[PDB]
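A.B. asks: Just passing along the structure, written as structure tokens.
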Amino acid sequence: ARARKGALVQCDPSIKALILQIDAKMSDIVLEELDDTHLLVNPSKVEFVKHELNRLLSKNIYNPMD
Amino acid sequence: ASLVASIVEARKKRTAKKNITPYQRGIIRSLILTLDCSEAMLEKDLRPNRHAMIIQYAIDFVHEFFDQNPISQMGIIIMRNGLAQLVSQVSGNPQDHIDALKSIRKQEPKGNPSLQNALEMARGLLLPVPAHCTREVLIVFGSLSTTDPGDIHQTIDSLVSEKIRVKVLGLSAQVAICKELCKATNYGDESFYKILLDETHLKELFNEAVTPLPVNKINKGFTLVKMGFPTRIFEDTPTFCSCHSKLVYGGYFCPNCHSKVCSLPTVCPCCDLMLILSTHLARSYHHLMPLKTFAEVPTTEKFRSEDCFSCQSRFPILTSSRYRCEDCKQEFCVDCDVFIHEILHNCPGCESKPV
Amino acid sequence: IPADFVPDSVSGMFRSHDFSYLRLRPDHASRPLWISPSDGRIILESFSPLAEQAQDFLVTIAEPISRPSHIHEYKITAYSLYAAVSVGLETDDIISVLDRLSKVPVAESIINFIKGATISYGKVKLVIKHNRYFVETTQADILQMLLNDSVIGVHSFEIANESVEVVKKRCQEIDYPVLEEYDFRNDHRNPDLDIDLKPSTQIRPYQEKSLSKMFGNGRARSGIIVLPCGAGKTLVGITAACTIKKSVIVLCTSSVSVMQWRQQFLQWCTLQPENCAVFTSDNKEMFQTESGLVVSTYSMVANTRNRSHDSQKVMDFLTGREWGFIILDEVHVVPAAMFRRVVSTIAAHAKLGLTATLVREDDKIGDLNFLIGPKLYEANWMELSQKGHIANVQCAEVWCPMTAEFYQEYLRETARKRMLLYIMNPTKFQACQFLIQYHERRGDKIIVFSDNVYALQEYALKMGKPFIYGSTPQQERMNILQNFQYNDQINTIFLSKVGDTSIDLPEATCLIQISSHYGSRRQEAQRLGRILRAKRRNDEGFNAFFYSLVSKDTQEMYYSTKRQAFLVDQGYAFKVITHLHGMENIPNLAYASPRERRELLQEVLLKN
Amino acid sequence: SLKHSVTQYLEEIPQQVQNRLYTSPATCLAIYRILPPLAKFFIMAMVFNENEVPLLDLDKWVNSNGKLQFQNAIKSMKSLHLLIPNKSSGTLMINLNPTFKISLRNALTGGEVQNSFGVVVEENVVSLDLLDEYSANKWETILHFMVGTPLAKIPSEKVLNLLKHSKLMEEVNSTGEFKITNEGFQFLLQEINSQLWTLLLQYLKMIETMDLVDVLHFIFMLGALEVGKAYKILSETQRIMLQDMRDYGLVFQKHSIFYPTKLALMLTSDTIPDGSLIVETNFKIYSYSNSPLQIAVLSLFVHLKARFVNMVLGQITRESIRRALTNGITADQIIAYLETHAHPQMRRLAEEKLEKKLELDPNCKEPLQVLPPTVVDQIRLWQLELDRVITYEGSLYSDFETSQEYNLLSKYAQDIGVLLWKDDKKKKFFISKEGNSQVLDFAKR
Ligand SMILES: [Mg+2]
Ligand SMILES: [Zn+2]
Ligand SMILES: [Zn+2]
Ligand SMILES: [Zn+2]
Ligand SMILES: [Zn+2]
């Protein structure tokens, strides 16, 4: 019987493990792991996490072509 | 300098069509197209392969033949693997042969041809055919040879004796036996063994084969024929048809024995008499009443008018593109000349001019 | 700029790119040429006249940047202008023809560039007199400036063989390049070799063009000739040797290539198997004839670690022989440091380079200008593809969706083992199994390429058909090769970096890549050329099939994009396939069950 | 949805205000132009006889094959209050709006028009040289202003305020600059009459009492007007917004005689080709089109090279792609432009490949994209790789019981249009902050 204030995110196992690495380098933001396609995160840091995720797939590819 | 080449090409073309004649040409037709579906037509040498294009062209040929001449029956026998296989009896409905050809689409062409067997069973299929019907066969062929069980010359003699003509549209080049067939069947003419040069030429050849052919004076069969115009009903109740034995809302009614049918132009299944509409018989009247060619007046001479009489557009100006109907003394543009000579079948200048 | 060229409001990101200041000629309909003076680029129409005459001229004086079907992007370079004046061409004629066929006014910078890129053609020459690199120049005017240069230390003088490469680089740097056009008819100091062009050999038109561009004067112009895979470079070299009629040495970078070019040479030229002595660890025989040939790969001259005395005798014999002609087939590897001893060792007059790809990772490819010379000829790749000289391929790049089963370990794996961990995805095994099923259903011979021997053997074992890699011995690999070619039990095989290049295996019209290098474009290009030389490159309705199974969610997409971008720029596109065909219609899938996936995961965890 | 938007707006307009709009023949002519063919036929039939009809006669006349389309026509007919259907004698007695009827009748007969077609002066001049040139000038200025490429001639302050207030090409006051909204790119993608109709719909929405029906009737007659003549300067509200649309460049007014340009004609109705682009796997652009406007709009999402006579060349970069993406401009908008800028040879090749794949398999095991995926899906793969996530932020209700209750509350949110996401399997859903209070109240009850 609980209703915590979080931001639900549709996700994947891979990109959830990337969220776990985000938690590893600064923890305590992502609240709990609901299932393979769902997660709960701090609402104050949702777009901080989104921009860092943007940096994550930047490190994956970055599409430089220079 | 392309216009000079176009002009001399048009001259060399028009030298063949200078002579236009009102020959008696067959209307009660009997056309057979046999198909070979062998290893030769498996060649993709023409895109996509010879089998596919002859299928498509045969579809078009069926449509054109039934449109122009609905007063004939159409039978198709395929040739495959040393056997000639009947797939289409002679019928008034083109759709039956369309479905049969659609079956021929998905199956695979293979084997070797036998014109002896093909023409023999074509003869047998053509055997119970009335006198006024003009028995003629189109044959497509891709091989340069023909495996046969026996003689072809006895078959040639029998076909000549039974007053059936042939026309061969060979694929690769001339085959001497096919030349012999065309010549001997066709009173010594060489205007029936035709070889294409590309697919456009094949299209033109098929369109040429669409047309009715003239008959010979010595081959005289001038007679009458019994005919009956039926009457169409539009009934509230569905009614059983005589032909297909099933309930029909409408349907024509037999003028003689008062039965009903489902399609026209067809013969009666019950009183056994042919039923048509006057549109069907008038359909070939352009063949019965041919149109004279139209002459471009020269650019040097003085001109009766400077814009097109029929379509009402300005004549363009080196040479003069004013095709004159001498029967109506009016000049026309090339577009109107094409349309009146092919699509239309009357000269509106001669319609306006009183006789 | 032939205008004021007031900057437009839409020319902001056109950083000197808005090329509308030019006063376009009303003959723009006929003329096929633009000029891009900002970067020296050339924009060429494929649907206007004069382009057929101008195509060879633009190849001679310019390099193409991109040639799709509609617009060819060319580029005049000083390298290409040097190649033009080496074939025999001049700045003023180039400018005149360019303004003759150009829609646009000729740019000042381009005019100055072509004026600068005019060499002292004929002034600087070198000859060999009894294995003696004699720098025979036409004047002492050359001698004054070259002795004015501090590197050096009618009239001919010596430069040491290792010093020849350095002074050729230096004279190219001071833009005084040497032409090496052997007067093999006039020179009889070298032993003439009675080899004749047999009537059994008749030459392709572009190959005749390649010969005559370097046989314009009757002398053998030394340089590079770049021809695609299966074009007949062996025939071109055989024709050049038969029209030179001197002692000739050709080295290629494989003993299998030694073995195949020796039989090719004895087939299509009248040189005798007595005259040809093959040098390897199989046998080190020498021919005792005054004229003939000795073939070896580059290894038996480069190596000094483990050498036999018979090898020493043979390399002494080839040192003693003053050759008249040398061809370095597969010239992409000879400018490597242990391989660029060719001038230092072999005394040979005419230096020709035949290869498929003129690209590499570093700038050693331009060293061939002062190693063998410029590009004497190239054949257009899409032109030969439409001509049927090379194949037409329907390449299908397979974006395999990454399994989290392997991704969970791949993300936490260390870098040296992440590669082998993401090569081996069970989903990739499933896709490869159905693709092999589907193309054996279509009836195509399939060759599978993996960069790792263990992945190659695991895929091979899961198929049930054998493997060939670089550590496989020659006898075993040829046994597997003949089993694949003739035996119907071996329907497909599993090749590697011995199969990527320098082999003649054109039967496989279907190719599936499960792995490749990190960023080597040349390996992928040679793998494409393996099937570009296929036999059914001429029949109607043909399209070869190329497949690349690449794992998602990685840097492998960017890696494959990097490896494929040269082929895309050539005209060999890489289409996008993520959702494959026949997915689940295949009953039985390699490592389909998740228990099987974890089994293979811990099996590769044994190594990673 | 232009006719849909205008019809919706006129349905929002009340019945007697609609009847006031139906008073004048020019308005009735324009509205008749708007009506679909069935209702057009109905009113042209009934307009010449004062016989009201029951619905049964029309229903018996109507073939039932297009009965849905008939229903659409009569639904528009009734909802515009253009009909007076009353159940007289038990039968839904059909009656056209009589003011609309008589004004259409007078327009058709050329009878009493009261110069609703225009207070004419009939001092015709050349329009290609003054009217068309000034019109092209002013429209070019506003078009490049809307592009964002620099141009000195700023628009009017009225339209500047309308852009500032509206979500079209946002003049972001923090930045002080007009900025391409996604709605701005929708406007860019729009047809010219669509752009005009969106502009007039927005201006009519913002404008209040300035008599709304005066603006309506004046707009309808302005659409009804013809090119290249002088006319009398009418209502004064009509005159002042006439001067406003003069400053837009719609009319060439010499401060009383005014000369309407071709823009009134395009507002009334529409009038290897131009605008046809050859796609490339190498992302090269082979446009069969050129204009400085074309270059100005291609600067937003295409890396270009140079400008030639019809031959605009370039290469689409992912930098250009992501430059389009970061503006909020939709990849669907991008492919709207792309699929409106296709080429004959490539679309024939695509249809040949489609007919080849039709016989092999109906699904073909290929993604559904008719434009050739060798080039087209590369953007579409980049389109899917652009967004590729779903973000839910704010409140969330969790751990429901009975599935019943979960479906009831979730279904209720969907009905009121405040539901943003749901999952049966987790019994969880997310609703917008606006609908939070409504959902909570329903939960208690
Ligand atoms: Mg190998
Ligand atoms: Zn029936
Ligand atoms: Zn009857
Ligand atoms: Zn005419
Ligand atoms: Zn006439």
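Numbering, chain C: per Swiss-Prot, residues 100-252, 313-767 in sequence.
Every residue gets a Cβ built from N, Cα and C, even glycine.
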A.B. asks: Looking at C:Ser135, C:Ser752, which is the one Swiss-Prot tags with phosphoserine?
C.D. replies: C:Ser752
A.B. asks: Checking feature assignment: motif 'DEAH box' per Swiss-Prot, candidates C:368-371, C:412-415, C:488-491, C:728-731. Which range matches?
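C.D. replies: Spelled out, Swiss-Prot records motif 'DEAH box' over residues C:488-491, not the other listed ranges.
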A.B. asks: Which one is it: of the recorded positions C:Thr393, C:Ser752, which Cβ has the fewest other Cβ atoms within 10 Å in this structure?
C.D. replies: C:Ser752
A.B. asks: List those of the binding-site residues C:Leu386, C:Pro387, C:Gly389, C:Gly391, C:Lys392 whose Cβ lies under 6 Å from any atom of ligand 4, in sequence order, or write none if there are none.
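C.D. replies: Checked binding-site residues vs ligand 4; nothing flagged, none.
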A.B. asks: Return only the integer: C-alpha distance in Å from C:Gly391 (ATP binding site) to C:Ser752 (phosphoserine).
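C.D. replies: Pair distance, Cα basis, whole Å: 50 Å.
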A.B. asks: Let me know how many other Cβ atoms fall within 10 Å of the Cβ of C:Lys392 (ATP binding site).
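C.D. replies: Cβ-Cβ neighbours of C:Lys392 (ATP binding site) within 10 Å number 24.
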A.B. asks: Hey, for the ATP site built from C:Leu386, C:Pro387, C:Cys388, C:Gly389, C:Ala390, C:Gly391, C:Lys392, C:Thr393, who else sits with CB inside 8 A of the CB center?
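C.D. replies: Apart from the listed residues, the neighbours are C:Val395, C:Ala515, C:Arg692.
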A.B. asks: Give the distance between the Cα atoms of C:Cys388 (ATP binding site) and C:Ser752 (phosphoserine), rounded to the nearest whole Å.
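C.D. replies: Cα-Cα, rounded: 43 Å.
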A.B. asks: Taking only same-chain residues 6+ apart in sequence, whose CB is under 8 Å from that of C:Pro387 (ATP binding site), what do you get?
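C.D. replies: Correct list: C:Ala515, C:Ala538, C:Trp540, C:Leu543, C:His548, C:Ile549, C:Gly688, C:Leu691.
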A.B. asks: For the motif 'DEAH box' (C:488-491), jot down how many residues DSSP puts in helix, in strand and in coil.
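C.D. replies: Going through the motif 'DEAH box' (C:488-491) residue by residue, I get 0 helix, 0 strand, 4 coil.
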A.B. asks: Taking just the CA atoms, what is the gap between C:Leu386 (ATP binding site) and C:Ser752 (phosphoserine) in Å?
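C.D. replies: Cα of C:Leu386 (ATP binding site) to Cα of C:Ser752 (phosphoserine) measures 48 Å after rounding.
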A.B. asks: Report, in whole Å, the straight Cα-to-Cα distance of C:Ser752 (phosphoserine) from C:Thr393 (ATP binding site).
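C.D. replies: Distance (Cα to Cα, whole Å): 51 Å.
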A.B. asks: Can you tell me how far the Cα of C:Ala390 (ATP binding site) sits from the Cα of C:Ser752 (phosphoserine), in Å?
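C.D. replies: Cα-Cα distance, C:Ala390 (ATP binding site) to C:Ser752 (phosphoserine): 47 Å.
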A.B. asks: Quick one: pull the CA-CA distance for C:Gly389 (ATP binding site) versus C:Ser752 (phosphoserine), whole Å only.
C.D. replies: 44
A.B. asks: Fill in the CA-CA distance, C:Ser752 (phosphoserine) to C:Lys392 (ATP binding site), as an integer in Å.
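C.D. replies: Cα-Cα distance, C:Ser752 (phosphoserine) to C:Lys392 (ATP binding site): 51 Å.
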